[PDB]
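Here are two versions of the same chain, shown separately as structure tokens and labelled structure 1 and structure 2.
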Structure 1
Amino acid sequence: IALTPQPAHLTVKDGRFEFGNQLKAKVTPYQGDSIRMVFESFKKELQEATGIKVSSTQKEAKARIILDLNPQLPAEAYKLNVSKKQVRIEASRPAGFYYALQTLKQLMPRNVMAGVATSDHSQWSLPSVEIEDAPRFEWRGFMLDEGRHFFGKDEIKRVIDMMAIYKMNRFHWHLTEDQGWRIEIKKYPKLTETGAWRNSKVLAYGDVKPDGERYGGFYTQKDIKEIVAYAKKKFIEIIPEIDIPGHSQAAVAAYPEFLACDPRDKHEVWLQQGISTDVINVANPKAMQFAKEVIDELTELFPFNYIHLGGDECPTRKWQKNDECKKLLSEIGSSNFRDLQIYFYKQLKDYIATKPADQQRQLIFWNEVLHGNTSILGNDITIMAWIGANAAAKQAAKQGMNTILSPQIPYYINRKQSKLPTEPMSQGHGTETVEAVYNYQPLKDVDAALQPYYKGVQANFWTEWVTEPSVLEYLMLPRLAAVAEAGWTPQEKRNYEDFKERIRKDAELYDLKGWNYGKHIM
């Protein structure tokens, strides 16, 4: 038995459940048939991998598989009880059933989770077990940067597939950057017409120069909707990030006349890595209108109730030199230009609050926003803590803000996972091994009183250096599974050597899916 993430409670019992060629299942009709829909999708996956067919019964006595509603269980929790006679699953919500069925598949040979038939197995069974399971953290995330390099819909579906294996539930889509803007906005076509294309594939840094090759791409709104729907089937919600008002050089290049602090200078999509001073003019009324209208479009495309507005690495230099910005700073009664960033967010937060309930969104920010007078903005925000993350998360929690931990080290899984010279180019020097990732303890030394604010964990994947899907996958796996387990499994049940033995069994899964992965611990 090799389950990842490790469930909260597992007892191995006597004997095995034998599937046979077909069997009857009883599935609760409640919750507007949503649980039957989860089960129908599982039936497809089971048949693909094993050829087993499942029929429906109302009779518990005839049911070899039963899915029952238990309202007492948390939203992502389940019980999975396998005996010789019956598989019994209990959960309170569709996601719980989905995760129970993920665990069920993981109890079978790896091809079942892979969704691929092989010649190896003839008869299918499950070990008898009693499992009660629920995630430690409600937010178990992966972020992909497509601003730096663009991967496109097929690869994002693969990413979602990888996340779902390990019960991750939040995909953070970093779609906008200095070096590219990757989402069609109908009201602002130049964001893609200008911002989605640039004259270099590689991004310059240090002595590395731009390459003069035309490079880019973007998602249509139709593509966005398809991906959102795909992720929903695997109980992954998508949080879009429009990183503003820093990391916005592509947008400024598209609409300099009102977004630039210095509109008489040239503005182009950045062909370099690093930190740009070409930030949005937060004091220009048309810039405010632009941000509102972008948020409006996001609300149409992304149903999840959170939006990420970024706020990392936003130099104030260009604001200090802008008369609109200087006028606004005095008007808001501050002498710190950082407060223009916070005031900008406050205006957007207020705008969102004007909308009907279903269109309202909670806001997430990178932790640098804590350096402003956040009383301007209030504490009903979420802080994604990435730089000095432990300290930043604690500061957020002390202020009553929710926090998500995405520490640069070791949860930036674009970073090298080995010191071997033959590793592909990415950030870091090979210290972010699977072991290092797994050994991070999100709540170490966090006061009991602050722990409720810690909503979970996220691995982030920045693509300055990473251009090819094979390399993305190589760097993602298997470290993604370590973060997934950190998000799911209670700390007291986490053990690196145990994880290593279990994750080794997934090499077969990756091979069957044609996913690349780091081989260092395999």
Structure 2
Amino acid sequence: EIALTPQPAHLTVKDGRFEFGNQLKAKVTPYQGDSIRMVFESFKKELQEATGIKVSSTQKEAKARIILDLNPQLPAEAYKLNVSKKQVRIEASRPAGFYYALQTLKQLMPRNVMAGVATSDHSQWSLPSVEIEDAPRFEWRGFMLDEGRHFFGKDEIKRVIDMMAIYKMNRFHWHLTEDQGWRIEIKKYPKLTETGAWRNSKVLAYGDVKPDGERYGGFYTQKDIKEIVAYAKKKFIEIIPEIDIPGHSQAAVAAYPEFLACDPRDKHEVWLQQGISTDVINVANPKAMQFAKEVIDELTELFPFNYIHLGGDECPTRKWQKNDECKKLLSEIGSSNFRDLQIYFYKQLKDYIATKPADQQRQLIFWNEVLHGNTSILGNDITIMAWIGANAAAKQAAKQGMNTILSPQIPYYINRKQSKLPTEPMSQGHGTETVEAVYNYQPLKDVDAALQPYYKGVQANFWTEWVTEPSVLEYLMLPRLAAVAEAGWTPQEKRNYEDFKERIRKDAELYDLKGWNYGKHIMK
């Protein structure tokens, strides 16, 4: 019983099986300075850890039990995988394609292989004969984690990356800064972490829930950030940092109130509540602009991927309205609409980025509500993450020639409850965002062919207002993460929730072996 998730574009089962011994020979293309050989070496280590099988090299076709060949006609993440009694044959055009072919290969084996866990007893190992041709539907297949509200740390984020890689996801969006915490070391502004990474409650207060008096927090050093980026790159996951400015910035304001606060004479502390804060950055202060530039500079050094997310939330303008510098700047830009200050701030930063050498330039991503503002000055070389009225907003973005990513609150905010049972952990929602609901979302329903090139893909987002424990994070992430991964990867014509349900059931064993929690509703 073969169970592949995401389901490949094309799968044909054939007669017989390929058997591994304790040792066998592989021939691997030397394409791009042995890059594919490096991918294969990582695979060899994983295989040996789980099965004891050792692979050696050959240059002879006739002696190669496994062969990785270059086929330049295939798309950048595409592959062919042909398993017969005599040979495993893989073709791809790019490293990621070889990597994905090998992920599929592992998935055809017992779940302990994908889990990277050995059996205690002697086992023998084989693959079903198959012909697979596969390629992702979308180039952006993403997961966002909020570590601003609750910090999980390096080991847990490595596990998150591990989960993503199993399901061939390729974009990790790291929501690192918030009203309630700042989680990334910035060398020029050390108080962002010293002040902003710690606060006097673990829980975030809302309604009947009050602050709990626990001194709580944490942050990533730059060394940690580089380590995680490198770890993710080995699994073909690129990382997008999100540093929210000037909204969702209360932690930064608490760190440097003397120039970031609109009201510096007032007390500023890290927020212990859930909600929307009015304590926004004073975008009219020249030192605040210097700060934003210096933060972007440091992000460029740490994150090699070509995008930065700056938020674009419709932050409260109340404090700007009461600030002499902000009132003066608004008058100077010839406006009476304070939202124009936020857009002006972004334009400044976009212009600054454009002054940098090409390799240091980054494209900006914003949440779709930014488009409610007067955004003409930003041009159309921005990317829109569509989360609220997502289908309508994505269409609007595409009509303006902006690339767009679909992350609808309903149903891709997978921190939301996944069941109506009274025993579920506390999180947002009422229990309607079941695995079925997540899977059934159709990203290109009713999207005109002309607009489709702008739709880069899909992303599940995980907000952590309520989620304080890794066990709960995992419980909510899985298995809905796989449903979104399948939406991202599998052609529409091969998608079917009932079929997915049967396949994803096979991964309970994987999750158990890895020690991951998961929702049990569709399992067993």
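Rigid core: the largest C-alpha set superposing within 1.5 Å between the two forms. Numbers follow structure 1, counted from its first residue as 1.
For the residue set 202, 332, 301, 134, core-aligned C-alpha shifts between structures 1 and 2 reach 2 angstroms or more at a single site, 332. A displacement of less than 2 angstroms separates the C-alpha positions of residue 154 between structures 1 and 2, with the rigid core held in common. When the rigid core is held fixed, the Cα atom of residue 422 travels less than 2 angstroms between structures 1 and 2. Once the cores line up, the CA of residue 193 ends up less than 2 angstroms apart between structures 1 and 2.
Taking the rigid core as reference, the CA displacement of residue 121 between structures 1 and 2 comes to 6.8 Å. On rigid-core superposition between structures 1 and 2, the C-alpha of residue 493 is found to move 1.1 angstrom. Once the rigid core is matched between structures 1 and 2, the CA atom of residue 313 is found 3.7 Å away.
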